[PDB]
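**Student:** Once you've had a glance at the structure underneath, I'll fire off some questions.
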Amino acid sequence: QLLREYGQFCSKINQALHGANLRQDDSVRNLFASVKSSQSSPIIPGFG
Amino acid sequence: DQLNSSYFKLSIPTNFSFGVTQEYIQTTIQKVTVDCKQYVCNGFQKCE
């Protein structure tokens with residue numbers, strides 16, 4: 001009941017964390033897409 | 001696949017395409033000047 005009077009506040013904190021988590025997911029996807037190679041040779045035992 | 005023989009397998013494209021990658025880089029932020037006296041007092045002498 002005491003928290004309810006504050007109105008917006010907890011919502012703003014939750015929204016900011018949600019946005020940061022989405023940004024981290026976007027960063028992981030971009031880095032891994034660049035990491036992937038269009039053509040690769042299959043790994044075999046005794047490779048190299 | 002890698003080849004045990006001296007000849008080596010090569011993967012080469014028989015077709016080509018043109019694609020456009022769009023990138024935006026921010027170089028500037030909005031320039032804001034605030035009248036601190038007006039904002040704090042709202043032009044009231046007692047506040048001044």
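Within each chain, counting starts at residue 1; across the structure tokens, chains are named A, B, ... in the order shown, with ligands numbered 1 upward in that order.
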I need the chain B residues near chain A as an mmCIF file with N, CA, C and O atoms, in the first residue's frame; criterion: at most 10 Å, counting only C-alpha atoms.
**Tutor:**
data_model
loop_
_atom_site.group_PDB
_atom_site.id
_atom_site.type_symbol
_atom_site.label_atom_id
_atom_site.label_comp_id
_atom_site.auth_asym_id
_atom_site.auth_seq_id
_atom_site.Cartn_x
_atom_site.Cartn_y
_atom_site.Cartn_z
ATOM 1 N N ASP B 1 35.817 -31.127 -48.324
ATOM 2 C CA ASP B 1 36.700 -32.150 -47.702
ATOM 3 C C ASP B 1 38.162 -31.908 -48.087
ATOM 4 O O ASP B 1 38.417 -31.607 -49.268
ATOM 5 N N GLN B 2 39.085 -32.044 -47.129
ATOM 6 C CA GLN B 2 40.533 -31.925 -47.449
ATOM 7 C C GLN B 2 40.960 -33.177 -48.222
ATOM 8 O O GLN B 2 40.329 -34.233 -48.023
ATOM 9 N N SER B 11 36.428 -24.587 -53.352
ATOM 10 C CA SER B 11 35.003 -24.207 -53.537
ATOM 11 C C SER B 11 34.951 -22.791 -54.118
ATOM 12 O O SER B 11 35.402 -21.858 -53.427
#
**Student:** Using DSSP on the backbone, list every residue of chain B that comes out as alpha helix (DSSP H), and give them as a list in words.
**Tutor:** residues 36, 37, 38, 39, 40 and 41 of chain B
**Student:** CA of residue 28 in chain A to CA of residue 17 in chain B: how many Å, to one decimal?
**Tutor:** 27.4 Å
**Student:** I want to know what sits within 9 Å of residue 37 in chain B, based on only C-alpha atoms, with residues of the same chain fewer than 5 positions away left out; could you give that as a list in words?
**Tutor:** residues 42, 43 and 48 of chain B
**Student:** To one decimal place in Å, what is the distance between CA of residue 24 in chain B and CA of residue 18 in chain A?
**Tutor:**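 That distance, rounded to one decimal, is 23.8 Å.
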